[PDB]
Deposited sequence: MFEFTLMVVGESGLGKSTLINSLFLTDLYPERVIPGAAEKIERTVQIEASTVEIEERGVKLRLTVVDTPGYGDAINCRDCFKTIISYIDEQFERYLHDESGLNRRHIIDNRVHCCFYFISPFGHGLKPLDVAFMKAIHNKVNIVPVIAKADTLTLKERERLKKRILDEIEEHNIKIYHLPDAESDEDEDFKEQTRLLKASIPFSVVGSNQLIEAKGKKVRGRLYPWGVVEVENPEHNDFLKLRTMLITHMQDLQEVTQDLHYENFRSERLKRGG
């Protein structure tokens, strides 16, 4: 099964570090890091990488340059035209007479990383999310969760949800566990939805914690553990993605692609 995940967010939020933390990949060996003088008028670029994880083929669609430019002069075009190009390619393939094994390149999920350093959503965040929330499944993510205390974390989560309601942003909603699964799957589902949006911490480094060498971030005053749910929501994000991959695919096909198909097939 194919799965394409798009990553969008201000540069320097730990995006690459979190993504590699999810599946222990090295998706960014050669990485163009421009100077400040260079990113004054930096265009948004699409960089896609495909890796096999256990088993499925995972594609990460990164968007370097997003937010770097001083001005935004259609800074969403390259991203939107990419999303539409994958829709357009699927429609052309499934419409062919000798369609055979169809390679699904449609974007199934878009992680939008939100800065923890502000009070909430910036106008660029709202404009972009409203620009693609009818095209892809938006998963808002609070990057660098270790910059927030627990009370600051609760406030930022509640406010982001309220501003999403305020601007009528359509984000991916986890399916309610149909009254058939175990009590375990029922509790996990309402727990994941109660922690949205996920505030996460990524790390490519080993630290000592509770007498074990685990991934995390080291400070003079303490250690942040990646896999500690009492520190950040990394496990809740990773579990959410794995257990809901198929549903993200299904909503992509049934909602966004069909809406694209109609919105195009007429004229």
Regions left out of the model, expressed as runs of the deposited sequence counted from 1: 1, 56-59, 273-274
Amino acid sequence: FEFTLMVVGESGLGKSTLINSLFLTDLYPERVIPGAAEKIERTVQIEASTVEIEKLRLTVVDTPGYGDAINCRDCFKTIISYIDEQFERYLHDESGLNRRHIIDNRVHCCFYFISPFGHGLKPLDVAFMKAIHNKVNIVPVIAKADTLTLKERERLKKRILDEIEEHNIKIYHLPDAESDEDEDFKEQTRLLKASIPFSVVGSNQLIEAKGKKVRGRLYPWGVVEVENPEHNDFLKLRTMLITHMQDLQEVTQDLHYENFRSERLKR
From here on, numbers count along this sequence of modelled residues.
Coordinates lacking for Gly202, a third or more of other entries: no
Unmodelled in at least a third of other entries of this protein, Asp184: yes
Higher-B stretch (mean Cα B-factor, as the entry records it), 238-246 or 27-35: 27-35
Mean C-alpha temperature factor, higher of 59-67 and 210-218: 210-218
Criterion, highest CA B-factor; candidates, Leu148, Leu174, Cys109, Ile132: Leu174
Residue, from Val224, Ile46, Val200, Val51, that the PDB entry assigns the highest Cα B-factor: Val51
CA B-factor placement of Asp125, once the chain's modelled residues are sorted into thirds: lowest
Third assignment of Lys144 from its chain's C-alpha B-factors: lowest
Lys170, C-alpha B-factor rank within chain (lowest, middle or highest third): middle
Chain thirds of CA B-factor: placement of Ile102: highest
Chain-relative CA temperature factor third for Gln86: lowest
